[PDB]
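Novice: need coordinates for the below:
(chains A, B, C, D, E, F and G)
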Amino acid sequence: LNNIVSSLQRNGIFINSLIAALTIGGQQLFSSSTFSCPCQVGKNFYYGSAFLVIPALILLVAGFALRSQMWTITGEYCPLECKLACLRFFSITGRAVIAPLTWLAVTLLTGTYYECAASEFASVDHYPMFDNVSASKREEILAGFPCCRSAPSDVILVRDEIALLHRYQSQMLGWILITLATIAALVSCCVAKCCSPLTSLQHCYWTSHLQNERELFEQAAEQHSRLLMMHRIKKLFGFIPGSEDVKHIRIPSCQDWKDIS
Amino acid sequence: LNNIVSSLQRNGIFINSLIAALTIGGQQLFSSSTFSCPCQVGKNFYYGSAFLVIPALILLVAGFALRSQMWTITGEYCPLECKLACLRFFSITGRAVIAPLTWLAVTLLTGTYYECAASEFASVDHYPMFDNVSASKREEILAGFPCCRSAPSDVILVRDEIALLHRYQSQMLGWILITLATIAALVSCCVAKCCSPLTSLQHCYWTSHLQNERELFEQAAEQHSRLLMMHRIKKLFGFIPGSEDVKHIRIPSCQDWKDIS
Amino acid sequence: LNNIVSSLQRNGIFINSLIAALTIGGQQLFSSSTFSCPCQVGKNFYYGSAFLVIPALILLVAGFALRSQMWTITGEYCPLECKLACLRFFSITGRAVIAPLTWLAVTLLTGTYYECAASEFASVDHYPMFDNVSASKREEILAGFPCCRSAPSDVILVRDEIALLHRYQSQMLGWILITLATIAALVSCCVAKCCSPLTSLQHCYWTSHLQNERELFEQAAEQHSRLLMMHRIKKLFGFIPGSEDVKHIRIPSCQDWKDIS
Amino acid sequence: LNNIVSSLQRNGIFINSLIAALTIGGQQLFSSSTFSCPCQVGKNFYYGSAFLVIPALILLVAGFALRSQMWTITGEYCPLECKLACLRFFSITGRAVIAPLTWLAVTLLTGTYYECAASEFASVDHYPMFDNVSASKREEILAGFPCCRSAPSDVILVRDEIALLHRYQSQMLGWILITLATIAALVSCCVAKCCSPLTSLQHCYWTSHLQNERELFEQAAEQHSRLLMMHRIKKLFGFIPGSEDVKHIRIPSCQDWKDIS
Amino acid sequence: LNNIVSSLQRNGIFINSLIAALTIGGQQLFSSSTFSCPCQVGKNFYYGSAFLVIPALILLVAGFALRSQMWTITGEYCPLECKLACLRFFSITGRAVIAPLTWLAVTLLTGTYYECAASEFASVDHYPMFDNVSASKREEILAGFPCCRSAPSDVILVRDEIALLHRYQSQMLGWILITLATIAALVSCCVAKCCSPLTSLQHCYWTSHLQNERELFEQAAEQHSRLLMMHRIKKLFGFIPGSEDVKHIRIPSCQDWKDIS
Amino acid sequence: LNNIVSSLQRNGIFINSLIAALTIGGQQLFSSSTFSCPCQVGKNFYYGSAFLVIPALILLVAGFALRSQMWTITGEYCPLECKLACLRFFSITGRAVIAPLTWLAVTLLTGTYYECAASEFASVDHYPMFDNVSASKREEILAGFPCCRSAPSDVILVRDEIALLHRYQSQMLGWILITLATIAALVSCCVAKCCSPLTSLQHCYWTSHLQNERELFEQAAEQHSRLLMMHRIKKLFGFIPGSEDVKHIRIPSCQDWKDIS
Amino acid sequence: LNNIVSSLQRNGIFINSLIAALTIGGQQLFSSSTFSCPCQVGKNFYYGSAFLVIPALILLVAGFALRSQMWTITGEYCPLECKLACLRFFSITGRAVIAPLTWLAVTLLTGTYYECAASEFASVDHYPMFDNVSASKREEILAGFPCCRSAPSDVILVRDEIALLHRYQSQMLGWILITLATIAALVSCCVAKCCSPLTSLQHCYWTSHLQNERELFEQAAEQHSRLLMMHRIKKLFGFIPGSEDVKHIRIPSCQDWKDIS
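Specialist: Residues are numbered from 1 along each chain as shown, chains lettered A, B, ... in the order given. Next up is the structure itself:
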């Protein structure tokens, strides 16, 4: 049933779902463990922006780089060959895109990252309580109350209202992002089908050709080197390894020990 | 017994039930985790409408796109051929429809999404407490009390009455939607049977023909490419992989290394 | 022992019991989760009537439609042929009837659905407390107290008495319904036996004939199409798939790639 | 060991015990869940009588109807043939009787059903507290206090005494019923043995003859129809299903597609 | 399935992930157990710097040294040979780098190590509370309050603000470090591909050649020495070990006991 | 899979990790159970020094002695032979060093042993509270407060400060020790590779030669003695043990009983 | 894998570790259960001395006696024979020494046994509180307070100080004992290697010779007696046991019954 399991894995839906589930679980643990939104007035946008974009960028780069087909494409690039390379790049891009989109969607829908990032950019014209002719303390309290200030001094109404505003903006932005991602994925698949010179059956043949040629060469390269080394050590020790050699044995010489080395 | 399990899966009832159960569980977790109905006076209908329709639209698109038969139909379209394509589209539409209908039904029956969406569209003529000659504060409180306002000031009677009204309207709308979906499904199946030119036995033969032809070509395309590459690497290394080659081995040349590449 | 398990399933008693148990469990979860009886004076009968009849109607339609034998009967209909079709319809009707009868029986015996449905149709002549010369407030309170009003103002005695009256009427109606269903089932089986032209042994032979003919044609249609496609692709690639083809291989031409497509 | 398990099931004691245990468990759940004895003065005897007799009648009818041997007997009826049919009817009646007797015994021994049924028929001559010259309020309170009235007004002594009287009468009636059932079962078995024209060994032979003839005809009817349809589809597709057919294949014609249909 | 498991391990992604997970778990236990940040005014930077860099340096050295290929490269070093050695060094550097980068990233993101390290380097110009004309007590309290001082004397506002500043700086530094590590890894892989004289297929052949030659020589060196010693002890005891020797046995002499020793 | 498990054990990393883990667990149990730091003014340095060095010395001696290769080296010692013995000593020293280094590192990092050892050597010039012109009570209290004195008399500030000083010194000393151990291990491995006259492949051959020669001689010494004794007892009892001897049996004589003894 | 398990047991390290672990567990249970240090002024040293030395002496005697090789050595004793007997005695002494050393080490390190043993030998010159011109009550209280006296009368400071003194002395004595035991074991092994006339390989041969000769004689003595008795009873009953004897049977005579007895 292992072969049946492998056939099931050959479908990209299961693997992409598994990657998305791992991203969701990892994001839950990571955010609930080590977020600790700072209260710093000077630089607080960088904290949220890093916590929101850097993991997505890392996951994107990992999804692209960890695929050996991408290294082969880059080696080829560094007519029909161009279209074939573009098709392989698209096939890689499927996973390379499902990897970080889950992170961005989950983080935006939770909204805490976006809140901690864009808290300080809130407006104060609507709220008469934020006059603050000093024009410097207002910025500090604006960047301060989202984090840990608490301190109920009847300003918490404005805090709660603006926090709900930023949470709503975050979740709506997440929905916009996921809708755009889905539309882009569908359009990209349609463009790949339209621009592919190979027919559907020819495309299937070519994909299987690529997979099988790579696997076959790997296996037979292993077997060829095994045979060549086995002949070499047959010369070295007077027998082929793993076979009945009580007939004859060899005594290597020091210069022969140099030759094998 | 794995073959028996596969035969059971071949029935669409089990798979559709599994999809519906996953949709119900996912909706429960998603709604109980990250709903957080906003209190914003300006845009609150968009929040509920997005949370109610966007997941359904995404699930519909996923159900249609993830089926490779749909890509084959679109490739063909892009007499009897038209009817056959329509029949295959209907067979895909079965799953493509069971996927989001569960989401819409569960969300409407729970009613919280519809409440948060259409709270602000409530009438005030019936209730004398909502005179509010200002005609602007009334809209804000109307969009505000459903979310988190609480603040018992004896208006909570009107809040509770209108909340029950919207919940009842939501659940009745859900029942109307599921009844219409069932009627449409039954009528569509009857129309498919009436409009199908193939006989019942001929239809069964054609369906099995399609499945078997696709599977057979996939397998033998794999095997043909395996044989062709195996002959190529037999030329390359002087032996066929996976067989007894102690008779002879090859030493590839650099230009030959270019040819295999 | 899998074959023994299949033989046990061939008895309709186990499958009908399994369907009834699933209906009971689903009704328990559904009602205990999302009933929320409304307090609306205008339309409250529709709520309960929908929650009581719509699931039963959906389950009835599903039981009839999900059976492929029903599609075959409808295709035939759209002498002895009429009686044979009627017998097959009855065999389908067995499951199509056990599916929703469990829902109706459980919902009526619990009585909450019937209470929320027919609360507003209660009489007030017996109770002197419901004079209400206004003749409009009385209807509203009558439709209101069953839901969530509570508000002990010594009218709860009338509320409790009428609630017990409606609960008793609901459970007695459920018993009447289940008794009528059992009597109708027994009479229908007796009428089927009386009206069947086939003898008992002939009826058994005919039933097994139908099942076996459908299964055999499905299997051999699969195998015939497999053989035809296998010959086609033998023409295409110069070999039969899944067999030793190191003797010869083919190089398809583009026009031949068109022919296979 | 599955065959040994089947041999154990062939003994009626285990199956009858299993049916009785299921009846006891189902009665426990059903009564502890949805009894809710009403307080209605007018009709309260019908409630208990239905809850006490209707399930027993349904179980009796199910036990008789679900046995296919009963349908065969009814088909025969609709000399020695009469005695043989009577013997088969008795063999069916064994299970048809053990099915509801458990329900009646358990319900009477618990006594709550009988109490709620025959509460209103209690006498009042013994108790001087029930003078009630009105002669209408007395009936209402008599039918009311058993259900949920509580309301300790020092009449609860009479309530408790009459409740104990009805509980004792219920349990004694249950013992009378089970004793009569056992005596009737033993006498019926003795009468069956006396009136049976077959000898003991001949009776065993006849019972096994009946079982084996029915099973054999079912199996070979299946196999005969399989062979006939297999020959038909051999004509249709030019080969027998499930066998090596690479020698020849057929191309059905539309009129031939009509003939197979 | 053990062979399949080995094939999965052959992918570096799983092993690198396993190493990173072990580093994370070990860091969690180690830091939560035995950190105990000191309060010493004189030397407190050394404590955090050691706890932050020494484990990373040890893990780096272990990753490089524990790989026997590194010992082989160092033995060779102590044209194309240089490039081949550089490629092998890079292949080792992959694991040698994933080993401590996890430690540095986790420790910086947690931030406690960096806080305890660079607490004393905080500025005091911004805070008017830290005038301290003594200019020596200020340094001591600055190095003291992060550790365990507590002692709320309304200076804890400055403590909390500067602690948040250092935590934010630590986490941002961790993000900078991980981004630089990823960029360096990608650039190094690209430079390795560009500078490699071998082709992609030739590179695969060479890697498999190296692995197979080392494994083959290890095995056959074992077998050669086994044969040589077996012949020696055949001389010693008059028979080959592990074979039927009831034909003849030997009695070793003391001088022969010296020869074997 | 047992052979695969043995191959995994052949790697020293797993065994060294297992030894270190056992040392950590044993140290945890031992220290948390039976430390009980004394308060004795006279001799308290000896207690901590013993608890810190004696287990390490015992583990070092056990690691060296328990290896039979060490006994063989000592027997040889008691040109190339010297270098070969040095290489074998180094191979033993690997485990002999990983055994106690874990104990020293864990004990120093915990710091309690070092605190109890070097408490009395603390300075008193910095602290004006320790004037104590008596110059004898001061030493006693200095050696006393670390253990169990408690007794808060506002001197606990000095106690806590000096305890933190000694804990920091202990952990820094542990880091210095582990860094020096790692540097020494790496330098020793490099010196072993540089000073080894054998080539890398020759070194592998020699190591496998040593292991195989020892194992082979052990096995065949067992088999030779088994054969010799078996012949002796064949003389004694007239038959070879474990074979069909119903042909003949012997009756030993008393003088023959002496000869076998 | 049982043979592999036996090979692992053949290493003395595992068995000695198992013996030490059992000694530790048994000591824990025994001491925590039934110590109950007495308060008797007269004889309290004997109690602790017995509880500390008698189990060690018993374990030593058991380790020596339970080994049958020791009985063989004593039988031989009761040139090279002397050295061989000494070597076998040393091999026995390994286990005979690891058996009680664990008990002594654990008991001394816990220190409770030594405290209860040597409490009464404490000095009183240092403590001015123990003047007690009576010179008899002082001894009684000195032997009394360690056990159960409690009775805080401000003398508990001296009690605690002297208890810590004796605990420290006990644990230091335990460390001295274990260090001396390890040094003696290493020196004894070195002396055994130096004084052994056999070479290392000859020593291995001799050890295996001893084990194999004893096992072989045991087995074949069993088989010889089985054959002799089997022939005897073949004479007795006319057949060999466990074989086909339907050919002939015997009827033993009473005098023959005497001969077999």
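
Novice: and the helix or strand where residue A:83 lies, how far out from the chain's middle?
Specialist: When elements are defined using DSSP states H and E, residue A:83 is found to belong to helix A:80-110. For helix A:80-110, the separation from the chain centroid amounts to 9 Å (computed by Cα atoms, centre = their mean, to the nearest Å).

Novice: buried stuff in that helix?
Specialist: A:84, A:87-110 (16 or more other Cβ atoms under 10 Å in any protein chain shown). For the C-beta atoms, the positions are set from N, CA and C on the backbone; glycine is no exception.

Novice: which stretches of chain A form helices?
Specialist: Assigned by DSSP state H, the helices in chain A fall at A:2-9, A:12-34, A:45-65, A:68-77, A:80-110, A:112-118, A:137-144, A:156-195, A:200-237, A:254-260.

Novice: run through who's touching the fourth one.
Specialist: When contacts are defined by Cβ atoms under 8 Å, 6 or more residues apart in numbering or on different chains, helix A:68-77 is touched by residues A:64-65, A:85, A:88-89, A:91-92, E:189-190, E:193, E:200.

Novice: wait, which of these is closest to chain D?
Specialist: residue A:91 (37.1 Å; Cβ to the nearest Cβ).

Novice: tally of neighbours for the nearest residue to residue A:232 once chain neighbours are set aside?
Specialist: Excluding its sequence neighbours, the residue lying closest to residue A:232 (Cβ to Cβ, 6 or more residues apart in numbering or on different chains) is residue A:260, at 7.2 Å. Neighbour count for residue A:260, taken as other Cβ atoms under 10 Å in any protein chain shown: 18.

Novice: and for residue A:171?
Specialist: Residue A:171: 22 neighbours (other Cβ under 10 Å).

Novice: for it, give me its contacts.
Specialist: A:108-109, A:111, B:34, B:36, B:47 are the contacts of residue A:171 under Cβ under 8 Å, 6+ apart.

Novice: just the closest of those residues to chain D, please.
Specialist: residue B:34 (36.9 Å).

Novice: am I right that that closest one is in contact with residue A:112?
Specialist: No. With contacts counted by Cβ atoms under 8 Å, residue B:34 stays clear of residue A:112, the gap being 10.6 Å.

Novice: between these two, which is the more surrounded one?
Specialist: Neighbours were tallied for residue B:34 and for residue A:112 using other Cβ under 10 Å; the higher tally belongs to residue A:112 (20 against 15).

Novice: from chain B, how far off is the more buried one?
Specialist: 11 Å (Cβ to the nearest Cβ, to the nearest Å).

Novice: what's the answer for residue A:241, then?
Specialist: Residue A:241 is 12 Å from chain B, by Cβ to the nearest Cβ.

Novice: please name the residues that touch that residue.
Specialist: A:230, A:233-234, E:216, E:219-220, E:223.

Novice: residue A:51 now?
Specialist: Taking Cβ under 8 Å, 6+ apart as the definition, contacts of residue A:51 comprise A:35, A:107, A:113, A:116-117, E:175.

Novice: and if you look at residue A:120?
Specialist: A:41, A:44-45, A:139, A:142-143.

Novice: again, 10 Å this time
Specialist: Residue A:120 sits next to A:40-45, A:48, A:139-140, A:142-144, A:146 when contact means Cβ atoms under 10 Å, 6 or more residues apart in numbering or on different chains.

Novice: excluding covalently adjacent residues, which one is nearest to it?
Specialist: residue A:143 (4.2 Å).

Novice: tally of neighbours for the one you found?
Specialist: Residue A:143: 22 neighbours (other Cβ under 10 Å).

Novice: would you check that it makes contact with residue A:115?
Specialist: No. Residue A:143 lies out of contact with residue A:115 (Cβ atoms under 10 Å); the separation is 11.9 Å.

Novice: whatever residue of the stretch 1-150 of chain A ends up closest to chain D and chain F, how far apart?
Specialist: Nearest residue of the stretch 1-150 of chain A to chain D (Cβ to the nearest Cβ) works out as residue A:4 at 22.8 Å. Plainly put, residue A:4 is 24 Å away from chain F if you go by Cβ to the nearest Cβ.

Novice: cool, and residue A:172?
Specialist: Taken as Cβ to the nearest Cβ, the span from residue A:172 to chain F is 51 Å.

Novice: against residue A:70, how distant is residue A:64?
Specialist: For residue A:64, the distance to residue A:70 equals 6 Å [Cβ to Cβ, to the nearest Å].

Novice: before we move on, what about residue A:240?
Specialist: Distance of residue A:240 to residue A:70, given as Cβ to Cβ: 41 Å.

Novice: higher neighbour count, the two?
Specialist: Set side by side, residue A:240 and residue A:70 show more neighbours around residue A:70, with 18 against 14, by other Cβ under 10 Å.

Novice: tally of neighbours for the closest residue to residue A:85 other than its chain neighbours?
Specialist: Excluding the flanking residues, the one nearest residue A:85 by Cβ to Cβ, 6+ apart is residue A:73, at 5.4 Å. Neighbouring residues of residue A:73 were enumerated by other Cβ under 10 Å; the total is 19.

Novice: now do the contacts for the residue of the stretch 51-200 of chain A found nearest chain G.
Specialist: With Cβ to the nearest Cβ as the measure, residue A:66 is the residue of the stretch 51-200 of chain A nearest to chain G, at 39.3 Å. Residues near residue A:66 by Cβ under 10 Å, 6+ apart: A:92, A:95-96, A:99, E:11-13.

Novice: re the thing from before, closest to residue F:19 among the contacts of residue A:51?
Specialist: Proximity of these to residue F:19 (Cβ to Cβ) peaks at residue E:175, which lies at 38.0 Å.

Novice: tell me the contacts of that closest one?
Specialist: A:46-47, A:49-51, A:53-55, A:58, E:105, E:108-109.

Novice: now the residue in the stretch 151-261 of chain A that chain B sits nearest to, nearest residue through space, not along the chain?
Specialist: Closest to chain B within the stretch 151-261 of chain A is residue A:220: 3.7 Å, counting by Cβ to the nearest Cβ. Distances taken as Cβ to Cβ, 6+ apart place residue B:241 nearest to residue A:220, at 3.7 Å, with adjacent residues excluded.

Novice: distance of that neighbour relative to chain C?
Specialist: 13 Å.

Novice: ok, residue A:154 next?
Specialist: On the measure of Cβ to the nearest Cβ, residue A:154 and chain C end up 35 Å apart.

Novice: swap in residue A:192?
Specialist: Using Cβ to the nearest Cβ, which is the criterion applied here, residue A:192 is 19 Å from chain C.

Novice: neighbours of the closest residue in space to residue A:58 that isn't next to it in sequence, how many?
Specialist: When the adjacent residues along the chain are set aside, residue A:58 lies closest to residue E:182, with 6.0 Å between them (Cβ to Cβ, 6+ apart). Residues near residue E:182, counting by other Cβ under 10 Å, number 17.

Novice: who's in contact with residue E:182?
Specialist: Per Cβ under 10 Å, 6+ apart, neighbours of residue E:182: A:54, A:57-58, A:61-62, A:65, E:101.
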